[PDB]
Structures are given as structure tokens and as C-alpha cells.
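Undergrad: This one's experimental. Sequence and coordinates below.
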Amino acid sequence: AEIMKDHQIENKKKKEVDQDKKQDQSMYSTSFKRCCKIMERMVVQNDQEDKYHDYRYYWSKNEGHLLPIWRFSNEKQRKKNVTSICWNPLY
Amino acid sequence: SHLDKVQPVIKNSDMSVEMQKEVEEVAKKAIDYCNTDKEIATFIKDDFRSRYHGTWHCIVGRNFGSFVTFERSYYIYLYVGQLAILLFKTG
Amino acid sequence: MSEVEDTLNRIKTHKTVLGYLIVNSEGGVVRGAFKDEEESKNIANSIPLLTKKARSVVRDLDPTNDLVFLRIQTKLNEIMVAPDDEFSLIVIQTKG
Amino acid sequence: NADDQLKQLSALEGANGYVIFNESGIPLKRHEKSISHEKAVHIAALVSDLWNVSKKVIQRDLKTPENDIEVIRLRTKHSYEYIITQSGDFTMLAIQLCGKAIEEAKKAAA
Amino acid sequence: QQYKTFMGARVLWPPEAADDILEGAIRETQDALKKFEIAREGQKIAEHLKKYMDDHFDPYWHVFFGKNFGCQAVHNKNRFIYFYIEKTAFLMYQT
Amino acid sequence: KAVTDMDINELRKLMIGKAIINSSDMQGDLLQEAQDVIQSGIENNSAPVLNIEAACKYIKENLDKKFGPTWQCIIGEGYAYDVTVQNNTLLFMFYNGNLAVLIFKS
Amino acid sequence: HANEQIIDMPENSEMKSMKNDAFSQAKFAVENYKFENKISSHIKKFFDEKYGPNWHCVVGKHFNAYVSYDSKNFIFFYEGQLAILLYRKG
Amino acid sequence: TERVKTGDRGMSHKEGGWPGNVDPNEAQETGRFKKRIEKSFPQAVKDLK
């Protein structure tokens, strides 16, 4: 705190306006969103741990073997067809 | 079996063997009762002040050192795991 | 918003999850979605002290590096906590 | 034989350091990369407290009789990950990284 | 310097004061202290004792009790009483 | 650059002769006296490696002669304490890095 | 820091020499001797020398006291932390 | 009034918590005590890791 006072160069932002509103959705918004998103994934991870341990290094002479792991769908969206798929070049 | 594991050790004990034996039990009882280090210091002082009256000063932690003026035959320095319970009465 | 208040609803509805409980920085209950109240009251008081004590552990070793996510694992249950400065999210998931 | 496991643990992808503790608090064996005896005495005081506190709290303050903690995974800023287990009397604290930090550590070595 | 325990009180064994004036004195302080406490309202119990000495014995008694003090005083032959009780030490001397 | 460039191992190395006060129950003028004596005291008997006993031998004797007879002073990396003290007799100031100095008069 | 004293000394008829030598001696006596009994031996011995005998003084950090004295010879002052009391009788 | 005797003592706790019989500074004392614990420990470190 004394070093920031010594060297006032790029003063710490994130001003404490917050969300407030007393009741009916107080904050529940951007640092906390990250914690909610991380929690969701880590809850899933523990239930799919058996499939995730397989996905990484199950390691599956002129024979091949294909293993389906996960299916991503939605019950509202069962009418439509998948058509085109693509992967992000960065991630 | 945790009371057998901790096995509290007494480097410097300028006190009678009977009063020393009492400190060992209180020292063990303090740690297994308390949730944080600040609570350990508070529990020891308050327990001794009740048993033997006057002005105790209790300090406990990982890494510290201690030059102090105390009532002769009222100073013990015991370490347990990585916690040094240091209590001393002054006039 | 649907996005925080929906994701929180989604992880509760998710199978093998006892309940999600939001703790305020001052050890207070904002939302508590467990079955029995004793457990929710007990979790509201006990766990945020463990997270503050566990924050001081990671902090001593490197006082730049702060706690982002803590997961304990018990015999029967798991206990997962995502601490932030404003609020802390806590969950109890039974091990598969 | 009991040294080969320390060699086997550095071999696992991400693993920086390890530190083992007695029931006492003395460190039995540590890595050379993590500081020897200086940090090993420091890192024992924190985890032995953190464990005994959490061990205690789950049996009392959660009001769940017979439910001892098995693992603790402190995930942090950067990519540190402090895993605490317990086999019998002895305990230990491994430190792993992630792909981003492993890649950073390999670049630093290069 | 060598103290001694007589009538439930810790007095300087060579009793400077006469052993009648001393016995009646200590007993009155113990029966005063059973009523008023030293910790709370400690000025009152001294003034009670001072007046009591002037009634039963010769006048102009000085009364001085504390948890910690040190005094050198001139007194009359066999008119000096210095006794500890629990922790508090009571001095008084006739003039 | 500035705060972002500065890491803990750089901050500690950059500056050793910094001073930082946490609590201060003691009077304004009596702090100025003690602060100068403890800083000069520790650095003297810091030696090759910091003798924590040696530091508090010097501070104990200095603060006995300077003020009152029963003055108690403890320094450490980290610790918890509760300590009954007289009014305006206590200063808690930690030195840079990993040094916590509690001084009081009992 | 000597917030509340009790000064019952003559003051009038150039007897301030006998009040000022209470504050003056106390300061010199306390710092040097550093022993409660030995203070009460020094201050008494001085005040007897100058203003004739039958002075009684009692020095303590914490004490209660009710006493008979000679009107305009009794002073009660705090020298630093310590609490010195001296007075004539007879 | 009897002034209670005022001992002055200076002790460091920078060292970790060992036994009594063992010296924390001395390297020999520590080195043997570690070798006494590993005599049992072999199964624990395999099963732990």
C-alpha cells in the first residue's frame, strides 16, 4: 500500500460503485461470474471424471477402434440438423 | 490418537514439574479446541489467569524470538509441531 | 439477467449436488439452497473461516498469488469453494 | 526404492515440488527446486494447521460424524496447485503447474 | 525481613508493636475487609481503621496499605505494625 | 513498468531501509524516540545472518535505561499474541519483508 | 503525567523554599536511587535537615493512605510514574 | 513491599518443531532422526505419491 502511494503511477481502478440495489439481485455479476462459471465446470468435472480420465490418455496391427465419449444436444433443438461444424484456430 | 502424535516438547521451562505437566494438557486441549492461532493465545492466557491470578502475556506462532522480563518461576517455552506456546506473568 | 442466476439454477438442478450456498464477505447467507437448515447454518458459519485460513496458507508462500478456487475432498462428500472479495460460492457434491 | 518415487513425481507433467511431513511437523524429504529446510519448515506450519483445523471442523462444525478429509486442492493465481493428501501418519504437499505455466517454465529453461 | 503467619495474617515476626495492640489491630482489618473490599472503595477502609486506632489506643496513628510501596518512618517504642494479608501489605505507626 | 514490473522478490531487494507502522497506542512523541533506536539497533546486530535473540538483547536493555524498568519487546516472522499493557505504553511496527516488531511496557 | 496533585504547603511568608524542594529533591532522588524504600529515606533526611524533624514520607507505585499531619506541611505529587507523599506531624 | 523477581531471557523459535533429544541446528542429529523414520515409511510414500 505504501509502495503504491510512493510510485501514484497507474492508480488502481475498479471503483467501488458495485451493483448495490439492496435486494432483488445484489451484485451477483464481473469477478463473481468467473467464480460461478469455474464452479459449474468443476462440479461437472467430478461427475464426468471417469470419462475425462478416458478422454486424455485411454490410448484407445492394421486395425482401428473409435470410442464415442460425450454427446452435446438440447431437447428444444432436437428438430434441427447439425450441418456445418468448425474448431477455433487459437483454442 | 492425535494427542499421542502431537507429543508437545518443552525446550525451556523455568517452572515446577507439577505446573509444567498442567501446561502440556492445556497446550494440547487449546490446539484441538481452537480453529486459528489468534484463538490459541486467547484460550491459554484466560485459562491460566483463572487458575493462577495476575498479568499473563501469551505469544504463539511459526517463527519469532522473545527477550522478556517475567515473575521468576513463571515462564515456559514449549513448541508443538510448529507452534511455540510462550506464556509469562509480570508484576 | 438469466446469466449468473441461471448457471446457479443449472448447477443446483444438476444430479449428485446437495446444494449451492453464496456466503457474503462478512460470513452472511445471500442464497442457501440445501435440504435441512442445520447443515446450511453450519456451512454458513464454518466453511468461510476454513477458506480465510486456507487463503493465509497460499498467501504466506507467495503474497502476490491469491486463492482463485479451493476444493477439499472428504470420505463421503466433496466440498468446493470459489472465493471472491465481494462474495464466495460454496457447493457440496457427493463423489461418484 | 523410497527415493525413486521422488524421481517419479518430478517426472509427472507439471510437477515443480513436493514436501512430506511427519505427524510432528519435521519435513522428511523435499525437492531441490523448492527451498530445502527453510521453506520446508515454513510450509509444514501452514499445512499442518490447515489440515488439523479442517480435519477438526468437518467432524464437529459440519455435524457429520465419521467423515475424515482425504485430499485438499488449493488452486491459485498464475497456475500453482497445492495438493494435500494423507497416507497413515505422514502427509505431503505437491505443487503442479498448467500448460501455460509449464510452457513458460520450459521457455525460461531455454 | 523474616515474615510469619499468626491470626490468619502474614506479619514481620519480631513484632515491633506490643502483641495485644497488634492482635486487636489485625483482627479489626480482617473484619473491616470482610465488609469493604480494597479493589473498590479502598480509601474508605483506611479512614475506618485510622479512627478505630485513636479510639482504643493512643492518638495520631498513620495508616498506609498498598499492593506495592516502600517507606522509612520514625515511630514510638512498640508502636509499629506491618503485616501482609493475601497480597496486600498493611503498614501503620503511632506518633 | 512501475507496480506491474515490481515482484515481491524485486520489492524486498529494491528497498530494505523502508519503514511501515501498523498500530500505535503510544503517544506521538515517544514513538519518534523508540522507532530510531530499534531500526539502528537491529541493523547493527543483524550480523551476517539475522540473530533474532541478539536483536532483542539490544532493544530490551536500551528501552529499560531509556524509559522504565519492566519493558518487554519481541520480534518475529509471524505470530499471534494477546498482551495486557498499561495505557500509552505499546508500539507495533513491522520492518520491510518478513520482520514483525512488537514493543510494550508492562 | 501528574494530572491531579494535592498541594497543602504554606507558600506565603517565603516558605515556597519548603514546597519547591519537594518537587526538586523528588526528581533527583527517584532517578538515582531507583528503590522505593531508599527514596523515602533520602527525601525525609533532606526535609528534616532544613525544616526540623518529625517528617514522615511514603513512596509507592500503587497504595492507599489516610493520615494525620500538621496544617500547611503536607504535599502529594507524582514524580513521573511514581507517587511520592511527605508531611510533618509533631 | 517484596518486589517480585524479574528474570530476563531471550529465545528464538525461527527453527521448526523437532524432538528434545535432537538438536535443530546440528545437521548430524536431524540426518539420523530422518533415517530412523525411514525403517513402515517405504509403503506410505509409494501409496501416498
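TA: Perfect, thanks for sending it. Numbering: from 1, shown residues only, chains lettered A, B, ... in the order given.
Undergrad: Can you measure across stretch B:77-91, start residue to end residue?
TA: For stretch B:77-91, the first-to-last residue distance is 19 Å (Cα to Cα, to the nearest Å).
Undergrad: near chain G, anything from it?
TA: No. Stretch B:77-91 does not reach chain G (Cβ under 8 Å from any Cβ of the partner chain); its nearest approach is 9.9 Å. Where C-beta positions appear, they are placed from N, C-alpha and C, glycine not excepted.
Undergrad: Please say whether there is contact between that stretch and chain F.
TA: Yes. Using Cβ under 8 Å from any Cβ, stretch B:77-91 reaches chain F at B:90-91.
Undergrad: Check the offset of that stretch from the chain's centre.
TA: 4 Å (Cα atoms, centre = their mean, to the nearest Å).
Undergrad: Report the buried residues of the helix or strand harbouring residue D:48.
TA: Here residue D:48 sits within helix D:38-60, counting by DSSP states H and E. Neighbour-count burial for helix D:38-60 flags D:40-54, D:56-59 (criterion: 16 or more other Cβ atoms under 10 Å in any protein chain shown).
Undergrad: Could you write out the alpha-carbon coordinates of it in PDB?
TA: Written as PDB, here are the backbone C-alpha positions of helix D:38-60 (Å, rounded to 0.1, in the frame of the first residue of the first chain):
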ATOM      1  CA  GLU D  38      14.000 -23.100   5.200                       C
ATOM      2  CA  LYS D  39      10.700 -23.200   3.200                       C
ATOM      3  CA  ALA D  40      10.100 -26.900   4.300                       C
ATOM      4  CA  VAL D  41       9.800 -25.800   8.000                       C
ATOM      5  CA  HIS D  42       7.600 -22.800   6.800                       C
ATOM      6  CA  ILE D  43       5.300 -24.900   4.500                       C
ATOM      7  CA  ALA D  44       4.800 -27.500   7.300                       C
ATOM      8  CA  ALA D  45       3.500 -25.000   9.900                       C
ATOM      9  CA  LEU D  46       0.700 -23.800   7.500                       C
ATOM     10  CA  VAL D  47      -0.500 -27.200   6.100                       C
ATOM     11  CA  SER D  48      -0.300 -29.000   9.500                       C
ATOM     12  CA  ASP D  49      -2.600 -26.200  10.900                       C
ATOM     13  CA  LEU D  50      -4.800 -26.100   7.700                       C
ATOM     14  CA  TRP D  51      -5.200 -29.900   7.900                       C
ATOM     15  CA  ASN D  52      -5.800 -30.300  11.700                       C
ATOM     16  CA  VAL D  53      -8.200 -27.300  11.500                       C
ATOM     17  CA  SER D  54     -10.200 -28.800   8.500                       C
ATOM     18  CA  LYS D  55      -9.900 -32.400  10.000                       C
ATOM     19  CA  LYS D  56     -11.500 -31.000  13.200                       C
ATOM     20  CA  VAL D  57     -14.100 -28.700  11.500                       C
ATOM     21  CA  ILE D  58     -15.700 -31.500   9.300                       C
ATOM     22  CA  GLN D  59     -16.100 -33.800  12.300                       C
ATOM     23  CA  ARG D  60     -17.800 -31.100  14.500                       C
END
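Undergrad: How about that helix and chain H, touching?
TA: Yes. If you take Cβ under 8 Å from any Cβ as the test, helix D:38-60 does meet chain H, through D:40-41, D:44-45.
Undergrad: and whatever helix or strand comes next after that helix, which strands flank it?
TA: Following helix D:38-60 in sequence order, the next helix or strand is strand D:69-76 (DSSP H and E). As defined by DSSP bridges, the strand partners of strand D:69-76 come to strand C:67-74 (antiparallel), strand D:81-87 (antiparallel).
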